[PDB]
Structure formats: structure tokens, C-alpha cells
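K.L.:
Attaching a single structure in C-alpha cells format; questions to follow.
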Number of protein chains: 2
Amino acid sequence: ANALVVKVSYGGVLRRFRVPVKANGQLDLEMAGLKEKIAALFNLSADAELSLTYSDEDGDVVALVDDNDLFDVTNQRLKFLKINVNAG
Amino acid sequence: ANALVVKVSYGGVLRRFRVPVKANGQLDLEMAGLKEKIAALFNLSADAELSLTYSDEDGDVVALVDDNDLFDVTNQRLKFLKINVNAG
């Protein structure tokens, strides 16, 4: 009955919020619902371009592009996800 | 007159349901009755390919392909069966 901890950080300020999962198994938001969620935390202009990059299990710097790779984060089995913002 | 606990897990969310046996000794469903049963739990597109892999007694990742290997799960004498989905 549990959520995934997501920690983001832009301009050297770490934040954290939680994302519920369905009974089904997929994460209960999408990129369109995520990009506007990050713009809430940082008082960012939402029209700006967002370059979101997580960390893999085995430490690469992967890119986030679609709701298909948001599916992969569940199967990746990571303890908490960490997402870097690059704007402008 | 008793059932086998099967636990499935796709997108990192565990589920569980039970499967009865006959008086005779075989499991009381088959793959076509199983594959469409898993698609009920996960709201999966049933037209997608399913690659179902159980765990052996001695811990291998065996493949499930047919109703001949579903027979073997009874004789395998496992405490509860665990079935991983790989789609796409």
C-alpha cells in the first residue's frame, strides 16, 4: 500500500516528495504531470525547457524523455530516485 | 483438496491469488486460462507478448511455455510459486 520517494535538486536545494502507486503497479503520474509538478517546487517558469536526468542502478546518467522510461523506474528496483534539473 | 499460492509481480507490485487442485492431482487451470488471468490483475494488454518465468526448486530462472511445464509445478513441490512478467 506504498509510494516511491523522489528527491529533486535545482540551484543546490534538495527537496523531496512522494509518489503513490496504483494497485495495478504503475506510477500514478506522468511527465506532463511531473514537469508541472517540479515547476511548483522551484517557482520555475513552466515554459522553460526541462532536461531531467536520473541515476541508474549501476550509476549511469540516464535521460528522462517519455512515460515509457517512467515505467522502467519501477522495474529498476531503486531505493529512492534522484532527478537533476537543467533549464536554459 | 487444497490450493497453490501463486504470487505475481510486474512493475514491482506484488499480487497473490490461489489455484485449486482436483482430487486427481493436476492443477485446475492452463496457460490460456492463466495468461488471460494475469492480464486481469495488471490491466495489461493481452495482445502483448508475455514472457513468464517461474523459479525452480533449486533457484534457476526457468521458462514457462506450455501446459506440460504447468504439470511439473505440482511435482516440483514448491512452497509458493513466483511468476515474473516480461512484456514489450
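K.L.:
With the requirement that a residue be assigned to a loop (DSSP other than H, G, I, E, B), under 18 Å from A:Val19 (Cα atoms) and touching a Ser or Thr at 6+ places or on another chain (Cβ under 9 Å), what does the stretch A:77-88 give you?
P.N.:
Within the stretch A:77-88, A:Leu78 is the sole residue that qualifies.
K.L.:
From the list A:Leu34, A:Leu27, which residue is within 14 Å of chain B (Cβ to nearest Cβ) and closer than 30 Å to B:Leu14 by Cβ?
P.N.:
Criteria check complete, one pass: A:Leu27.
Quick note: the coordinates plus some simple rules give every number you see, no bench work behind them. Don't worry about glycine lacking a Cβ; one is built from the backbone with ideal geometry, like all the others, and counts go over all protein chains shown.
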